[PDB]
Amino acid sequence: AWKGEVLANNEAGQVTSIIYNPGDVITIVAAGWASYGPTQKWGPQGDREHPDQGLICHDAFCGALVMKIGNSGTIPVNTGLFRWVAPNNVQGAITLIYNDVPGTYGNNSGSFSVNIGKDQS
């Protein structure tokens, strides 16, 4: 398993120790409070009222937790994933990223606490 923090102001995201392999089943739980710039903080689903002005993941709100698996595009994580299998052809290291517009991460704050594990299959 892996446990760590994902900082909101880290544009690169947080590379984890988890290599997603074909057939793997995973669980992710994410918690905490972060901001993309405003004084308010939001949980790992982000800000449901905020427009998309060029986010790295168009399928999750601004301030949401997302991931990449190896060379994949961004995939929503939000609060987590329960006994989840990736699309076919998706494999590699899991990188966790805060969802914001490229070049706008430097005014972000807080973080999410994240647990990842592989499940029975």
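Numbers for residues come from their place in the sequence shown, where the first is 1. We call the rigid core whatever largest set of C-alpha positions still superposes within 1.5 Å between the two forms.
Core-fitted comparison in 8 other deposited structures of this protein shows that, between 64 to 72 and 83 to 91, the CA atoms farther from the shown form belong to 83 to 91.
Of the two segments examined, 81 to 89 and 47 to 55, it is 47 to 55 that shows the higher average Cα temperature factor in the deposited entry. The mean Cα B-factor in the deposited entry runs higher for 32 to 40 than for the other of 32 to 40 and 72 to 80. Across 101, 25, 97, 18, the greatest Cα temperature factor reported in the deposited entry is at 101. When the modelled residues of the chain are ordered by their C-alpha B factor, residue 6 lands in the highest third.
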